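In order, the protein sequence lines correspond to chains L, U, D, X, F and C. Counting from 6, one number per residue, gives the positions in the first sequence under this note's numbering. Counting from 6, one number per residue, gives the positions in the second sequence under this note's numbering. Counting from 7, one number per residue, gives the positions in the third sequence under this note's numbering. Counting from 358, one number per residue, gives the positions in the fourth sequence under this note's numbering. Counting from 189, one number per residue, gives the positions in the fifth sequence under this note's numbering. Counting from 189, one number per residue, gives the positions in the sixth sequence under this note's numbering. Each residue gets a CB set at the ideal place from its N, CA and C atoms; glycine is no exception. To start, the structure under review is shown below, and the notes come after it.
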Amino acid sequence: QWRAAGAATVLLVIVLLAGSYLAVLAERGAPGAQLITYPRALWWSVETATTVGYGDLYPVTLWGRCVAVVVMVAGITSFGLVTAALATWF
Amino acid sequence: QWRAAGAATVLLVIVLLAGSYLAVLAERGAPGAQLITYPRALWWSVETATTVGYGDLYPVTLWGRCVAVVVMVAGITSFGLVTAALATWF
Amino acid sequence: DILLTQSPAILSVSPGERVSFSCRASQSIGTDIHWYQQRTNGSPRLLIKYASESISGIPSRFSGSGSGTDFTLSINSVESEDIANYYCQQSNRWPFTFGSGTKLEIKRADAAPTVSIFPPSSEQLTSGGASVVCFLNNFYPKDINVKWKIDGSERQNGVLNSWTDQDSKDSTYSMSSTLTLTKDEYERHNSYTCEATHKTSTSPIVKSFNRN
Amino acid sequence: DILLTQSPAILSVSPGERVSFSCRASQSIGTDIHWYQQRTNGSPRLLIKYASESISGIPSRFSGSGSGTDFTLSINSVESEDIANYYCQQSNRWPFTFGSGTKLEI
Amino acid sequence: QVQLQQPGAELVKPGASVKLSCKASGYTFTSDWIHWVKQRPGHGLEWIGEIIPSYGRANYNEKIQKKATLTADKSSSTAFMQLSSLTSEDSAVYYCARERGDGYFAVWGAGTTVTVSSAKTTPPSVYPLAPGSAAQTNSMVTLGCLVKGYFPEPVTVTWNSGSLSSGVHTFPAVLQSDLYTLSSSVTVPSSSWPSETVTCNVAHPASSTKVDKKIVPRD
Amino acid sequence: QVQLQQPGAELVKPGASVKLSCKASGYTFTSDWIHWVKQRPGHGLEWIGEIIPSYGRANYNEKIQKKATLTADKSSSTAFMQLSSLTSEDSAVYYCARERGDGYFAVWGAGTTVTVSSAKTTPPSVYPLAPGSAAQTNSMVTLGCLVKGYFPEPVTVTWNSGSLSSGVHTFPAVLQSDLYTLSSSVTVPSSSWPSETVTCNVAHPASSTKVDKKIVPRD
Ligand SMILES: [K+]
């Protein structure tokens with residue numbers, strides 16, 4: 006069961022990182038956008054992935070929101086996959 | 006099935022408490038941080054753990070956000086574990 | 007960082023009356039505002055916490071109100087013991103901050119000063135010192151003038167006055183004039199008087215004493 | 358876009374004294390404000406980042422304070438080498454912006 | 189019982205440094221924060237910094253210039269504030285307070301008066317003050333006591349170890365040529381004196397000197 | 189070592205266009221953004237635009253009129269700003285800076301002075317300045333050197349290749365009939381001269397001309 010989870014966990018980190026980069030790439034050039042520096046963008050992707058998203062940061066551009074949906078999806082899927090495996094194992 | 010869940014529920018409370026303490030510990034010294042007293046910090050950890058997080062409170066510092074990720078993860082995992090067991094049992 | 011504006015800086019109220027001190031935040035802070043009392047030379051004392059929540063050991067005379075950016079600390083039926091400096095402090099965002107302060111001030115009925123002159127002590131003279139003291143006690147208003155005459159002649163050198171802030175026992179005021187000469191300069195003058203001029207009496211209150 | 362108000366434009370202080378330049382944001386920007394020094398004919402030079410975080414190679418004479426919309430850059434014991442133009446710059450919302458500038462004057 | 193104990197006074201020469209203290213008692217938790225507040229005469233309260241002994245971390249007020257360094261000592265329940273290289277500006281009363289991590293300061297210290305001067309410590313001289321021989325007396329009588337030649341502040345004048353409190357005025361000291369001078373006063377019924385002993389206990393922390401002086405009628 | 193290299197100057201005729209440059213060095217990442225800031229004499233800094241070489245995307249300041257087009261060249265680590273159809277208004281110093289994607293500009297370029305004129309490039313004439321024969325000298329002595337007839341700005345006057353720095357004043361140029369003129373000055377002990385050679389290296393980027401001129405006493 007450490008494979009079905011382990012795999013997802015990889016994809017998750019890859020998405021979080023790529024997402025944080027693409028968001029800053031997509032949001033810049035957007036007047037009033039606040040998702041425009043890497044560090045906080047990484048924090049943004051994680052709170053989104055885990056689907057918590059406090060709203061302190063979020064995207065305002067199309068591609069930013071497209072990056073968003075992918076991060077959310079990857080997130081749900083990953084965490085659900087790790088939970089499925091972790092549950093089964095027990 | 007009252008073990009796979011019971012276990013997680015322990016970890017959950019432990020994390021919520023430790024999280025509430027570490028957040029206040031991490032956020033203080035951060036100009037403008039609002040996650041700086043225990044009581045509300047405990048409320049913050051729970052709304053995060055359950056992944057609701059209304060955004061009335063959230064961390065603004067690195068370690069605060071690191072505490073955050075652990076709380077979220079513990080939260081998803083715990084609740085998912087309790088739901089898996091509770092579902093199976095039925 | 008959050009700014010706590012406390013204005014007016016001084017509040018003048020009549021005994022038994024109701025008084026209100028106000029504290030304004032530079033930004034909404036919910037109800038994370040707390041009140042402290044500090045009497046002359048005392049340390050701060052928690053009065054109200056979280057804007058309205060009471061505190062044990064504090065008169066039910068004290069109450070709080072407000073939320074966001076506007077807060078009020080109230081006192082029903084003020085009284086001498088309430089004369090102090092009131093501060094507001096917030097714990098909404100780091101780092102905690104304080105209000106500039108607001109001095110309460112009770113206005114009572116005019117009282118005449120109780121003058122009392124004192125000869126220097128031998129213990130002191132025995133050390134070449136001569137301090138003739140005079141007390142202008144429990145008067146009101148606090149405005150008052152004291153004069154020193156030596157053998158009938160006005161003295162201005164060597165006189166140090168000291169006033170006390172309003173009293174929290176009877177809302178009055180008191181002053182301490184101290185003429186200090188050498189045993190010598192003291193050993194060569196008959197009587198020393200101390201006149202007090204106060205709004206309560208057109209003619210001055212005097213107290214003298216001869217060295218012999 | 359965010360407006361950075363730097364006033365007064367000139368500051369006159371005595372040597373060794375403490376001086377404070379202030380920068381006000383048209384809206385809350387947390388602590389995403391940064392300070393730069395620029396001497397006559399020089400290029401800008403990062404002094405303080407994120408409002409308070411220090412920078413290596415910069416006198417401990419320099420410090421920052423504030424959050425939201427009000428920021429202060431400080432110098433303890435000014436001195437000839439400190440005569441320059443100080444600017445504040447924010448990275449809260451796009452596009453980054455600059456303060457009008459404040460000339461120190463001993 | 190008193191929860192925070194702070195040394196009444198501490199003298200310091202410009203450029204020098206003092207390490208204030210604050211010893212606790214009563215209830216203690218790991219959620220407790222000890223704060224320090226500066227207060228110059230006349231002006232209000234100024235937060236300086238805070239520390240969490242059950243971890244050791246401390247944060248300081250970034251507006252003001254950092255002249256302090258907080259530390260704690262779990263065992264002895266004592267917090268220490270180190271103030272370095274002082275100047276006239278640093279002279280003031282410093283209170284330590286206990287905050288239960290809920291935002292407000294429930295209890296405060298008596299505060300330590302700190303003076304930054306080149307002057308030298310001088311215990312005060314306490315002379316009595318009994319009415320002059322020809323002072324006709326009435327329902328009440330006023331006695332007092334002179335406290336001069338002391339430095340730095342403060343001093344605490346009590347009457348009969350504190351049992352005599354009603355009717356006492358202690359005037360604010362006045363500085364002159366590096367020495368403070370103040371006088372306290374007490375009024376009691378004319379009858380009660382001098383049959384009933386009346387003494388003024390005077391304490392001066394900066395010199396660890398407390399003195400008593402009975403006030404009897406002049407010869 | 190110096191991280192951003194920008195051409196000291198660039199002359200341009202109204203309506204014409206110049207492509208400024210900025211070559212990097214030191215550490216480089218895919219998170220790096222190169223910014224361009226305009227600065228007219230007397231006035232402050234003005235953000236113009238930004239670019240991410242490790243992707244190629246660029247955004248520009250929408251308040252000001254767009255007169256630029258950013259590009260980068262991964263291999264040579266060089267960013268290019270193309271300014272088209274210039275006018276007197278566009279004349280100013282332009283700095284490029286490196287931003288680690290964290291919001292602040294850690295390092296900046298020396299900036300390229302740009303002048304939009306119909307005038308022609310003219311290298312400067314460097315004449316010496318030694319005291320007049322009857323100049324009684326004291327503990328110190330002042331020598332200098334005149335730099336005139338040059339256009340456009342700027343010029344860099346160093347003394348003894350930069351080894352002589354203490355005691356140097358380079359006055360701001362003054363324009364007159366399309367030609368700039370400025371003078372630098374240097375003060376050294378009277379003794380050290382002229383035994384110890386004193387030269388003023390003068391550089392004029394707009395003409396790729398640097399000249400030396402020894403300052404010896406008048407015949
Ligand atoms: K949410």
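Chain order gives the chain U residues near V51 (chain L) as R70, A73, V74, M77, where near means a beta carbon separation below 9 Å.
If you check the C-beta of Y59 (chain U) against ligand 1, you find a heavy atom less than 7 Å away. Our two residues, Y338 (chain F) and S264 (chain F), have alpha carbons roughly 33 Å apart in a direct line. Straight-line spacing of the CA atoms in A212 (chain F) and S58 (chain D) works out to 28 Å. Under the three-state reduction of DSSP, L404 (chain X) is assigned to strand. With a cutoff of 8 Å on beta-carbon distance, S385 (chain X) and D7 (chain D) are scored as not near each other. Annotated three-state conformation of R228 (chain C) is coil, per DSSP. Closest in C-alpha terms to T266 (chain C), from the list C:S395, C:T310, C:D220, C:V376, comes C:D220.
Cβ-Cβ separation between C284 (chain F) and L192 (chain F): approximately 6 Å, consistent with a contact (criterion under 8 Å). Between the segment 299-314 of chain C and the segment 272-282 of chain C there are three or more C-beta pairs closer than 8 Å, enough to call the two in contact. Residue contact with chain D for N249 (chain F): present (Cβ-Cβ distance below 8 Å to some residue of chain D). Assignment of beta strand (DSSP E) within the segment 380-442 of chain X, counting only whole runs of 3 or more residues, yields 390-395, 402-405, 419-424, 427-433 in chain order. Beta-carbon to beta-carbon, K402 (chain F) and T387 (chain F) are separated by about 5 Å, close enough to satisfy the 8 Å threshold. Among the residues facing chain U, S219 (chain F) is included, as its CB has a counterpart in that chain under 8 Å away. With contacts defined by Cβ atoms closer than 8 Å, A318 (chain F) and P377 (chain F) do not form a contacting pair. Closest in C-alpha terms to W68 (chain U), from the list L:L67, L:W48, L:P36, comes L:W48.
For the segment 400-419 of chain X, the set of positions with a beta-carbon nearer than 7 Å to some beta-carbon of chain F reads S409 in chain order. Within chain D, the C-beta atoms nearer than 9 Å to that of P36 (chain U) come from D7, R99, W100, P101, in chain order. In the structure shown, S313 (chain C) adopts extended strand secondary structure according to DSSP, grouped into three states. At least one C-beta of chain F is nearer than 8 Å to the C-beta of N433 (chain X).
Contact annotation for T330 (chain F) against chain D: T120, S122, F141, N143 [CB-CB distance below 8 Å, chain order]. The continuous alpha helix (DSSP H) containing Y192 (chain D) extends over residues 189-193.
The C-beta separation of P393 (chain F) from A197 (chain F) comes to about 4 Å, placing the pair in contact by the 8 Å criterion. The beta carbon of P210 (chain D) lies closer than 7 Å to those of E201, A202, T203 in the same chain, with the five residues before and after it left out. Contact check between the segment 114-128 of chain D and the segment 321-336 of chain F: three or more CB pairs, one atom from each, fall below 8 Å, which counts as touching. Out of D:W100, D:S214, D:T108, D:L166, the CA that lies nearest to the CA of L367 (chain F) is found in D:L166. By the Cβ criterion, the segment 158-175 of chain D is not in contact with the segment 97-104 of chain D, since fewer than three pairs of Cβ atoms, one from each stretch, lie closer than 8 Å. One finds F359, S371 in chain F with Cβ atoms closer than 7 Å to the Cβ of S182 (chain D), taken in chain order. The alpha-carbon of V76 (chain L) is positioned some 32 Å away from that of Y43 (chain U). Bounds of the alpha helix (DSSP H) holding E52 (chain U) are 43-54. Of the other Cβ atoms in all chains shown, fewer than 16 fall within 10 Å of the Cβ of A115 (chain D); this residue is therefore exposed. Its Cα nearest to that of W224 (chain C), the residue C:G297 stands out among C:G297, C:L363, C:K262.
Listed in chain order, the non-local C-beta contacts of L185 (chain D) below 6 Å within the same chain comprise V138, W154, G164, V165, local neighbours out to five positions each way being set aside.
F95 (chain L) carries a coil assignment under DSSP once its states are collapsed to helix, strand and coil. Nearest to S28 (chain D) by C-alpha distance, out of D:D176, D:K113, D:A136, D:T75, is D:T75. Setting aside the 5 residues that flank it on each side, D389 (chain X) is surrounded in the same chain by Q447, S448, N449, each with a C-beta closer than 6 Å to its C-beta; the list follows chain order.
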